[PDB]
file query-v1.pdb (PDB, N, CA and C atoms)
ATOM      1  N   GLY A   1      36.411  40.184 -10.470  1.00  0.00           N
ATOM      2  CA  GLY A   1      36.999  38.865 -10.834  1.00  0.00           C
ATOM      3  C   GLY A   1      36.965  37.941  -9.624  1.00  0.00           C
ATOM      4  N   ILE A   2      35.765  37.473  -9.278  1.00  0.00           N
ATOM      5  CA  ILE A   2      35.591  36.568  -8.132  1.00  0.00           C
ATOM      6  C   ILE A   2      35.207  35.158  -8.611  1.00  0.00           C
ATOM      7  N   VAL A   3      34.534  35.073  -9.758  1.00  0.00           N
ATOM      8  CA  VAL A   3      34.120  33.795 -10.310  1.00  0.00           C
ATOM      9  C   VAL A   3      35.322  32.901 -10.635  1.00  0.00           C
ATOM     10  N   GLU A   4      36.359  33.481 -11.237  1.00  0.00           N
ATOM     11  CA  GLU A   4      37.542  32.703 -11.594  1.00  0.00           C
ATOM     12  C   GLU A   4      38.305  32.285 -10.340  1.00  0.00           C
ATOM     13  N   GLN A   5      38.243  33.117  -9.305  1.00  0.00           N
ATOM     14  CA  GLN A   5      38.939  32.822  -8.074  1.00  0.00           C
ATOM     15  C   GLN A   5      38.391  31.549  -7.447  1.00  0.00           C
ATOM     16  N   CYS A   6      37.059  31.420  -7.432  1.00  0.00           N
ATOM     17  CA  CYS A   6      36.461  30.231  -6.848  1.00  0.00           C
ATOM     18  C   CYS A   6      36.776  29.020  -7.713  1.00  0.00           C
ATOM     19  N   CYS A   7      36.366  29.086  -8.976  1.00  0.00           N
ATOM     20  CA  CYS A   7      36.635  28.020  -9.933  1.00  0.00           C
ATOM     21  C   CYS A   7      36.723  28.635 -11.326  1.00  0.00           C
ATOM     22  N   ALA A   8      37.200  27.881 -12.294  1.00  0.00           N
ATOM     23  CA  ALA A   8      37.294  28.374 -13.659  1.00  0.00           C
ATOM     24  C   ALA A   8      35.921  28.363 -14.329  1.00  0.00           C
ATOM     25  N   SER A   9      35.000  27.635 -13.717  1.00  0.00           N
ATOM     26  CA  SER A   9      33.652  27.483 -14.241  1.00  0.00           C
ATOM     27  C   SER A   9      32.802  26.791 -13.194  1.00  0.00           C
ATOM     28  N   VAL A  10      31.591  26.407 -13.567  1.00  0.00           N
ATOM     29  CA  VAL A  10      30.704  25.715 -12.641  1.00  0.00           C
ATOM     30  C   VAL A  10      30.746  26.337 -11.240  1.00  0.00           C
ATOM     31  N   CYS A  11      30.780  27.666 -11.178  1.00  0.00           N
ATOM     32  CA  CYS A  11      30.796  28.364  -9.884  1.00  0.00           C
ATOM     33  C   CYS A  11      30.209  29.765 -10.030  1.00  0.00           C
ATOM     34  N   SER A  12      29.071  29.996  -9.367  1.00  0.00           N
ATOM     35  CA  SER A  12      28.407  31.301  -9.409  1.00  0.00           C
ATOM     36  C   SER A  12      28.333  31.927  -8.024  1.00  0.00           C
ATOM     37  N   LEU A  13      28.406  33.246  -7.988  1.00  0.00           N
ATOM     38  CA  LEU A  13      28.319  33.985  -6.735  1.00  0.00           C
ATOM     39  C   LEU A  13      26.920  33.848  -6.133  1.00  0.00           C
ATOM     40  N   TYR A  14      25.928  33.708  -7.014  1.00  0.00           N
ATOM     41  CA  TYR A  14      24.530  33.583  -6.609  1.00  0.00           C
ATOM     42  C   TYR A  14      24.326  32.381  -5.691  1.00  0.00           C
ATOM     43  N   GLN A  15      25.358  31.563  -5.541  1.00  0.00           N
ATOM     44  CA  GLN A  15      25.257  30.377  -4.713  1.00  0.00           C
ATOM     45  C   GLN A  15      25.428  30.703  -3.223  1.00  0.00           C
ATOM     46  N   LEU A  16      26.110  31.791  -2.903  1.00  0.00           N
ATOM     47  CA  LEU A  16      26.326  32.148  -1.504  1.00  0.00           C
ATOM     48  C   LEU A  16      25.036  32.621  -0.851  1.00  0.00           C
ATOM     49  N   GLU A  17      24.213  33.304  -1.631  1.00  0.00           N
ATOM     50  CA  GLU A  17      22.962  33.871  -1.127  1.00  0.00           C
ATOM     51  C   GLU A  17      21.931  32.809  -0.748  1.00  0.00           C
ATOM     52  N   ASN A  18      22.132  31.589  -1.211  1.00  0.00           N
ATOM     53  CA  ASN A  18      21.194  30.507  -0.928  1.00  0.00           C
ATOM     54  C   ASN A  18      21.085  30.188   0.574  1.00  0.00           C
ATOM     55  N   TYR A  19      22.197  30.239   1.324  1.00  0.00           N
ATOM     56  CA  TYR A  19      22.149  29.909   2.763  1.00  0.00           C
ATOM     57  C   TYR A  19      22.349  31.151   3.648  1.00  0.00           C
ATOM     58  N   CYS A  20      23.182  32.100   3.212  1.00  0.00           N
ATOM     59  CA  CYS A  20      23.428  33.303   4.004  1.00  0.00           C
ATOM     60  C   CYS A  20      22.634  34.488   3.445  1.00  0.00           C
ATOM     61  N   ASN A  21      22.446  35.517   4.273  1.00  0.00           N
ATOM     62  CA  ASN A  21      21.694  36.696   3.854  1.00  0.00           C
ATOM     63  C   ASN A  21      22.225  37.226   2.525  1.00  0.00           C
TER      64      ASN A  21
ATOM     65  N   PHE B   1      45.799   7.893  -6.862  1.00  0.00           N
ATOM     66  CA  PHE B   1      45.129   9.197  -6.597  1.00  0.00           C
ATOM     67  C   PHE B   1      43.632   8.970  -6.425  1.00  0.00           C
ATOM     68  N   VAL B   2      43.095   9.435  -5.299  1.00  0.00           N
ATOM     69  CA  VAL B   2      41.660   9.289  -5.021  1.00  0.00           C
ATOM     70  C   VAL B   2      40.861  10.198  -5.955  1.00  0.00           C
ATOM     71  N   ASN B   3      39.795   9.666  -6.540  1.00  0.00           N
ATOM     72  CA  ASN B   3      38.963  10.446  -7.456  1.00  0.00           C
ATOM     73  C   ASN B   3      37.886  11.222  -6.704  1.00  0.00           C
ATOM     74  N   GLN B   4      38.098  12.531  -6.570  1.00  0.00           N
ATOM     75  CA  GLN B   4      37.151  13.397  -5.893  1.00  0.00           C
ATOM     76  C   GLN B   4      37.424  14.848  -6.277  1.00  0.00           C
ATOM     77  N   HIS B   5      36.431  15.460  -6.873  1.00  0.00           N
ATOM     78  CA  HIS B   5      36.530  16.846  -7.312  1.00  0.00           C
ATOM     79  C   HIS B   5      36.313  17.814  -6.153  1.00  0.00           C
ATOM     80  N   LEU B   6      37.248  18.749  -6.004  1.00  0.00           N
ATOM     81  CA  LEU B   6      37.173  19.761  -4.953  1.00  0.00           C
ATOM     82  C   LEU B   6      37.519  21.152  -5.512  1.00  0.00           C
ATOM     83  N   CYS B   7      36.691  22.156  -5.191  1.00  0.00           N
ATOM     84  CA  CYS B   7      36.923  23.524  -5.674  1.00  0.00           C
ATOM     85  C   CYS B   7      36.312  24.555  -4.720  1.00  0.00           C
ATOM     86  N   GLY B   8      36.385  25.827  -5.104  1.00  0.00           N
ATOM     87  CA  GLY B   8      35.828  26.899  -4.284  1.00  0.00           C
ATOM     88  C   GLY B   8      34.323  26.708  -4.088  1.00  0.00           C
ATOM     89  N   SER B   9      33.654  26.189  -5.110  1.00  0.00           N
ATOM     90  CA  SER B   9      32.219  25.954  -5.033  1.00  0.00           C
ATOM     91  C   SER B   9      31.905  25.009  -3.883  1.00  0.00           C
ATOM     92  N   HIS B  10      32.791  24.046  -3.668  1.00  0.00           N
ATOM     93  CA  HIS B  10      32.607  23.080  -2.599  1.00  0.00           C
ATOM     94  C   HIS B  10      32.756  23.783  -1.263  1.00  0.00           C
ATOM     95  N   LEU B  11      33.736  24.671  -1.206  1.00  0.00           N
ATOM     96  CA  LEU B  11      33.968  25.454  -0.012  1.00  0.00           C
ATOM     97  C   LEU B  11      32.786  26.385   0.218  1.00  0.00           C
ATOM     98  N   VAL B  12      32.273  26.941  -0.874  1.00  0.00           N
ATOM     99  CA  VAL B  12      31.144  27.852  -0.794  1.00  0.00           C
ATOM    100  C   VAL B  12      29.896  27.129  -0.280  1.00  0.00           C
ATOM    101  N   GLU B  13      29.656  25.920  -0.777  1.00  0.00           N
ATOM    102  CA  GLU B  13      28.496  25.157  -0.345  1.00  0.00           C
ATOM    103  C   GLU B  13      28.608  24.814   1.141  1.00  0.00           C
ATOM    104  N   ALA B  14      29.795  24.391   1.558  1.00  0.00           N
ATOM    105  CA  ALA B  14      30.029  24.015   2.951  1.00  0.00           C
ATOM    106  C   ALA B  14      29.520  25.069   3.944  1.00  0.00           C
ATOM    107  N   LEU B  15      29.147  26.238   3.445  1.00  0.00           N
ATOM    108  CA  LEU B  15      28.666  27.309   4.312  1.00  0.00           C
ATOM    109  C   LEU B  15      27.393  26.916   5.071  1.00  0.00           C
ATOM    110  N   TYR B  16      26.600  26.006   4.511  1.00  0.00           N
ATOM    111  CA  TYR B  16      25.352  25.620   5.159  1.00  0.00           C
ATOM    112  C   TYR B  16      25.571  25.294   6.638  1.00  0.00           C
ATOM    113  N   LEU B  17      26.808  24.987   7.025  1.00  0.00           N
ATOM    114  CA  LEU B  17      27.069  24.660   8.415  1.00  0.00           C
ATOM    115  C   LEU B  17      26.761  25.865   9.321  1.00  0.00           C
ATOM    116  N   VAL B  18      27.298  27.039   8.976  1.00  0.00           N
ATOM    117  CA  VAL B  18      27.066  28.247   9.759  1.00  0.00           C
ATOM    118  C   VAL B  18      25.858  29.017   9.222  1.00  0.00           C
ATOM    119  N   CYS B  19      25.610  28.863   7.923  1.00  0.00           N
ATOM    120  CA  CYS B  19      24.492  29.533   7.261  1.00  0.00           C
ATOM    121  C   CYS B  19      23.296  28.585   7.218  1.00  0.00           C
ATOM    122  N   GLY B  20      22.121  29.100   6.870  1.00  0.00           N
ATOM    123  CA  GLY B  20      20.921  28.269   6.811  1.00  0.00           C
ATOM    124  C   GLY B  20      20.365  28.010   8.208  1.00  0.00           C
ATOM    125  N   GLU B  21      20.789  28.823   9.175  1.00  0.00           N
ATOM    126  CA  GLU B  21      20.322  28.667  10.544  1.00  0.00           C
ATOM    127  C   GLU B  21      18.860  29.078  10.657  1.00  0.00           C
ATOM    128  N   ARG B  22      18.531  30.241  10.099  1.00  0.00           N
ATOM    129  CA  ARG B  22      17.159  30.736  10.143  1.00  0.00           C
ATOM    130  C   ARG B  22      16.550  30.508  11.524  1.00  0.00           C
ATOM    131  N   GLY B  23      17.414  30.331  12.519  1.00  0.00           N
ATOM    132  CA  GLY B  23      16.953  30.106  13.884  1.00  0.00           C
ATOM    133  C   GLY B  23      16.159  28.807  13.979  1.00  0.00           C
ATOM    134  N   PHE B  24      14.929  28.894  14.490  1.00  0.00           N
ATOM    135  CA  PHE B  24      14.075  27.704  14.622  1.00  0.00           C
ATOM    136  C   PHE B  24      13.126  27.586  13.431  1.00  0.00           C
ATOM    137  N   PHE B  25      13.106  28.602  12.575  1.00  0.00           N
ATOM    138  CA  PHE B  25      12.215  28.575  11.425  1.00  0.00           C
ATOM    139  C   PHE B  25      12.695  27.546  10.410  1.00  0.00           C
ATOM    140  N   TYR B  26      11.864  26.538  10.169  1.00  0.00           N
ATOM    141  CA  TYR B  26      12.198  25.480   9.212  1.00  0.00           C
ATOM    142  C   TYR B  26      11.530  25.742   7.864  1.00  0.00           C
ATOM    143  N   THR B  27      12.307  25.626   6.788  1.00  0.00           N
ATOM    144  CA  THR B  27      11.788  25.843   5.435  1.00  0.00           C
ATOM    145  C   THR B  27      12.574  24.984   4.432  1.00  0.00           C
ATOM    146  N   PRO B  28      11.969  24.559   3.341  1.00  0.00           N
ATOM    147  CA  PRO B  28      12.683  23.725   2.329  1.00  0.00           C
ATOM    148  C   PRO B  28      14.019  24.347   1.912  1.00  0.00           C
ATOM    149  N   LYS B  29      15.029  23.499   1.762  1.00  0.00           N
ATOM    150  CA  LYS B  29      16.352  23.941   1.376  1.00  0.00           C
ATOM    151  C   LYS B  29      16.284  24.742   0.076  1.00  0.00           C
ATOM    152  N   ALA B  30      15.931  26.007   0.199  1.00  0.00           N
ATOM    153  CA  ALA B  30      15.822  26.885  -0.974  1.00  0.00           C
ATOM    154  C   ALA B  30      15.583  28.326  -0.549  1.00  0.00           C
TER     155      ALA B  30
END

call {"tool": "encode", "arguments": {"input": "query-v1.pdb", "output": "C-alpha cells"}}
result
Amino acid sequence: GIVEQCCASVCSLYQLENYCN
Amino acid sequence: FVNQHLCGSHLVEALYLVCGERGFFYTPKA
C-alpha cells in the first residue's frame, strides 16, 4: 500500500525509476 | 487560497534534483 500513501490516484511507483536506478 | 496542486507525486518528481545525474553522460529526459 504505497500508491495510496503518495496520492489517492494519479501516482505510480514506476515514476521513481525514471530518474533513479 | 492560492490555486496549486501538491501531492506525493510532486515530491516524487522533485527527485530529479539528486537523481538523473548519470554523471557527465547526457541523454533525453527518459

call {"tool": "closest_atom_pairs", "arguments": {"input": "query-v1.pdb", "of": "chain B", "to": "chain A", "cutoff": "10 Å", "atoms": "only C-alpha atoms", "output": "JSON lines"}}
result
{"residue": "B:6", "atom": "CA", "partner": "A:7", "partner_atom": "CA", "distance": 9.7}
{"residue": "B:7", "atom": "CA", "partner": "A:7", "partner_atom": "CA", "distance": 6.2}
{"residue": "B:8", "atom": "CA", "partner": "A:6", "partner_atom": "CA", "distance": 4.3}
{"residue": "B:9", "atom": "CA", "partner": "A:11", "partner_atom": "CA", "distance": 5.6}
{"residue": "B:10", "atom": "CA", "partner": "A:6", "partner_atom": "CA", "distance": 9.2}
{"residue": "B:11", "atom": "CA", "partner": "A:6", "partner_atom": "CA", "distance": 8.7}
{"residue": "B:12", "atom": "CA", "partner": "A:16", "partner_atom": "CA", "distance": 6.5}
{"residue": "B:13", "atom": "CA", "partner": "A:16", "partner_atom": "CA", "distance": 7.4}
{"residue": "B:14", "atom": "CA", "partner": "A:19", "partner_atom": "CA", "distance": 9.8}
{"residue": "B:15", "atom": "CA", "partner": "A:19", "partner_atom": "CA", "distance": 7.2}
{"residue": "B:16", "atom": "CA", "partner": "A:19", "partner_atom": "CA", "distance": 5.9}
{"residue": "B:17", "atom": "CA", "partner": "A:19", "partner_atom": "CA", "distance": 9.1}
{"residue": "B:18", "atom": "CA", "partner": "A:20", "partner_atom": "CA", "distance": 8.5}
{"residue": "B:19", "atom": "CA", "partner": "A:19", "partner_atom": "CA", "distance": 5.1}
{"residue": "B:20", "atom": "CA", "partner": "A:19", "partner_atom": "CA", "distance": 4.5}
{"residue": "B:21", "atom": "CA", "partner": "A:19", "partner_atom": "CA", "distance": 8.1}
{"residue": "B:22", "atom": "CA", "partner": "A:19", "partner_atom": "CA", "distance": 8.9}
{"residue": "B:29", "atom": "CA", "partner": "A:19", "partner_atom": "CA", "distance": 8.4}
{"residue": "B:30", "atom": "CA", "partner": "A:18", "partner_atom": "CA", "distance": 6.5}

call {"tool": "select_by_dssp", "arguments": {"input": "query-v1.pdb", "residues": "chain A", "states": "alpha helix (DSSP H)", "output": "ChimeraX atom specification"}}
result
/A:3-6

call {"tool": "axis_aligned_box", "arguments": {"input": "query-v1.pdb", "around": "segment 4-20 of chain A", "padding_each_side": "3 Å", "output": "AutoDock Vina command-line options"}}
result
--center_x 30.0 --center_y 30.1 --center_z -5.2 --size_x 23.9 --size_y 14.8 --size_z 24.3

call {"tool": "decode", "arguments": {"input": "query-v1.pdb", "residues": "chain B", "atoms": "C-alpha atoms", "output": "PDB file, in the first residue's frame"}}
result
ATOM      1  CA  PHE B   1      -6.289  30.386  -1.195  1.00  0.00           C
ATOM      2  CA  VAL B   2      -3.594  30.040  -3.867  1.00  0.00           C
ATOM      3  CA  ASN B   3      -4.533  27.547  -6.597  1.00  0.00           C
ATOM      4  CA  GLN B   4      -1.758  24.964  -6.839  1.00  0.00           C
ATOM      5  CA  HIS B   5      -1.978  21.194  -6.662  1.00  0.00           C
ATOM      6  CA  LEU B   6       0.619  19.472  -4.478  1.00  0.00           C
ATOM      7  CA  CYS B   7       0.968  15.735  -3.671  1.00  0.00           C
ATOM      8  CA  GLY B   8       3.431  12.870  -3.174  1.00  0.00           C
ATOM      9  CA  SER B   9       3.832  12.657  -6.952  1.00  0.00           C
ATOM     10  CA  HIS B  10       5.189  16.190  -6.872  1.00  0.00           C
ATOM     11  CA  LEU B  11       7.601  15.203  -4.154  1.00  0.00           C
ATOM     12  CA  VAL B  12       8.497  12.105  -6.137  1.00  0.00           C
ATOM     13  CA  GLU B  13       9.207  14.113  -9.290  1.00  0.00           C
ATOM     14  CA  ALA B  14      11.345  16.616  -7.371  1.00  0.00           C
ATOM     15  CA  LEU B  15      13.859  13.754  -7.152  1.00  0.00           C
ATOM     16  CA  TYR B  16      15.411  14.825 -10.467  1.00  0.00           C
ATOM     17  CA  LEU B  17      17.492  17.190  -8.334  1.00  0.00           C
ATOM     18  CA  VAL B  18      19.570  14.365  -6.794  1.00  0.00           C
ATOM     19  CA  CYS B  19      18.561  11.762  -9.386  1.00  0.00           C
ATOM     20  CA  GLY B  20      19.141  11.950 -13.153  1.00  0.00           C
ATOM     21  CA  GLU B  21      22.815  12.706 -12.538  1.00  0.00           C
ATOM     22  CA  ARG B  22      24.096   9.959 -14.830  1.00  0.00           C
ATOM     23  CA  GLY B  23      27.388  11.747 -14.194  1.00  0.00           C
ATOM     24  CA  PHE B  24      28.512  13.533 -17.380  1.00  0.00           C
ATOM     25  CA  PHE B  25      26.515  11.236 -19.654  1.00  0.00           C
ATOM     26  CA  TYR B  26      23.781  13.314 -21.290  1.00  0.00           C
ATOM     27  CA  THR B  27      20.615  11.618 -22.581  1.00  0.00           C
ATOM     28  CA  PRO B  28      16.983  12.711 -23.319  1.00  0.00           C
ATOM     29  CA  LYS B  29      14.851  13.030 -20.194  1.00  0.00           C
ATOM     30  CA  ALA B  30      13.637   9.429 -20.355  1.00  0.00           C
TER      31      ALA B  30
END
